[PDB]
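Provided hereafter are the protein sequence and its experimental coordinates.
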Amino acid sequence: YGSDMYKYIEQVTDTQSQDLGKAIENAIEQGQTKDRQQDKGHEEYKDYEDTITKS
Amino acid sequence: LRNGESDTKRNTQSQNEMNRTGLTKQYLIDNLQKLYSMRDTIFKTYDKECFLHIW
């Protein structure tokens, strides 16, 4: 009797669910760098200029 | 003349956790027919053994 009978009359499937997730990620990064530059320079030059005048 | 050196250390630690639950109810008429005599079957065993059987 009652209304609930209709649920059985037409096959009714009630489905539920619940997913509860948790996630913690911890990352530690360290880095070191070492550089070294060594240069050398050398330049040499020569010039000549001759001026002759008449007046 | 240029040189160099590098170094790194990356370290990650993680944790996960998932809690999934559900509940599925299927309604069938075949279950109602089998429901009928579950209570009455209790007292067929009581009547068979404990009580008198001749008027």
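Here it is on my side, so go on. Residues are numbered from 1 along each chain as shown, chains lettered A, B, ... in the order given.

Please report phi then psi for residue B:32.
phi -70, psi -40 (degrees, to the nearest 10).

With residue B:5 instead?
Main-chain dihedrals, residue B:5, degrees, to the nearest 10: phi -150, psi 150.

what pairs with residue B:24 across the strands?
In this entry, residue B:24 is beta-bridged to residue A:15, by DSSP bridges.

shouldn't it be in contact with residue A:12?
No - when contacts are counted by Cβ atoms under 8 Å, residue B:24 is not listed as touching residue A:12 (11.1 Å). For the C-beta atoms, the positions are set from N, CA and C on the backbone; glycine is no exception.

More neighbours: the two, which one.
residue A:12 (12 against 9; other Cβ atoms under 10 Å in any protein chain shown).

For that one, give me its contacts.
Residue A:12 sits next to B:26, B:27 when contact means Cβ atoms under 8 Å, 6 or more residues apart in numbering or on different chains.

What distance do you get for it to residue B:33?
Distance check for residue A:12 against residue B:33: by Cβ to Cβ, to the nearest Å, it reads 17 Å.

quick one, what contacts residue A:13?
With Cβ under 8 Å, 6+ apart, residue A:13 has these contacts: B:24, B:25, B:26, B:27.

now the helices: where do they sit in chain A?
In chain A, the helices defined using DSSP state H lie at A:5-9.

So which residues on it come close to chain B?
A:7-9, A:11-39 (Cβ under 8 Å from any Cβ of the partner chain).

now that we have the contacts of residue A:13, which one has the most neighbours?
Greatest neighbour count in the contacts of residue A:13, by other Cβ under 10 Å, goes to residue B:27: 17 neighbours.

Perfect, that will be all.
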